[PDB]
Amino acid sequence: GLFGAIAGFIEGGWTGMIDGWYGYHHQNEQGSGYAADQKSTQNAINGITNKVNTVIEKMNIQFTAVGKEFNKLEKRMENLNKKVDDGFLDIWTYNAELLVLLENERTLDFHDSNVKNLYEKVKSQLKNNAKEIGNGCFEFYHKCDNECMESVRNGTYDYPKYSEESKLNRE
């Protein structure tokens, strides 16, 4: 994608994460499991919902539109009516398909941007207390329990708390 996260340095998606679009997978001595990031997932839901509603709202309700009749001496007016109907139909078909195509590319990139931002948010939180082992994973230089994992999942990781430990393992 455009931001290099989805189908990029994070190769695949997680079937085990059913709660949200983005989230975390942890592995410590207490166990392992998936956990979605509610803040970023909820934000992406609202924007896309407004985005869907925007497309539907821009299209007005099609009120009654019927054919008309012309006698054998009104072929010019009949053809003008056909030219009007076809012309408007040509434009609206062009607008509908193009808007969906253009907006679909934007949605995929919007998700791609969100994954990278979430990955970068954790990276700046951990600093050198963990190491980037690729594929969007961090290997901690210190013991990190469920309480510590939760502090990474939200934005309250205490870097000075584990810095002294992490330096020793990093050596």
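Don't overthink the numbering: it's just position in the shown sequence, from 1.
**Student:** Which is higher on mean Cα B factor in this entry, 100 to 108 or 128 to 136?
**Tutor:** Result: 128 to 136.
**Student:** Between 26 to 34 and 47 to 55, name whichever shows the higher mean Cα B factor according to the PDB entry.
**Tutor:** Comparing averages over the C-alpha atoms only gives 26 to 34.
**Student:** Comparing residue 13 with the other modelled residues of its chain, is its CA B-factor in the lowest, middle or highest third?
**Tutor:** Middle third of the chain for residue 13's C-alpha B-factor.
**Student:** Give the position of residue 5 by CA B-factor within its chain, expressed as the lowest, middle or highest third.
**Tutor:** Middle third - that is where residue 5 ends up once the chain's C-alpha B-factors are sorted.
**Student:** Using the temperature factors of the C-alpha atoms in this entry, rank residue 146 within its chain: lowest, middle or highest third.
**Tutor:** Highest third - that is where residue 146 ends up once the chain's C-alpha B-factors are sorted.
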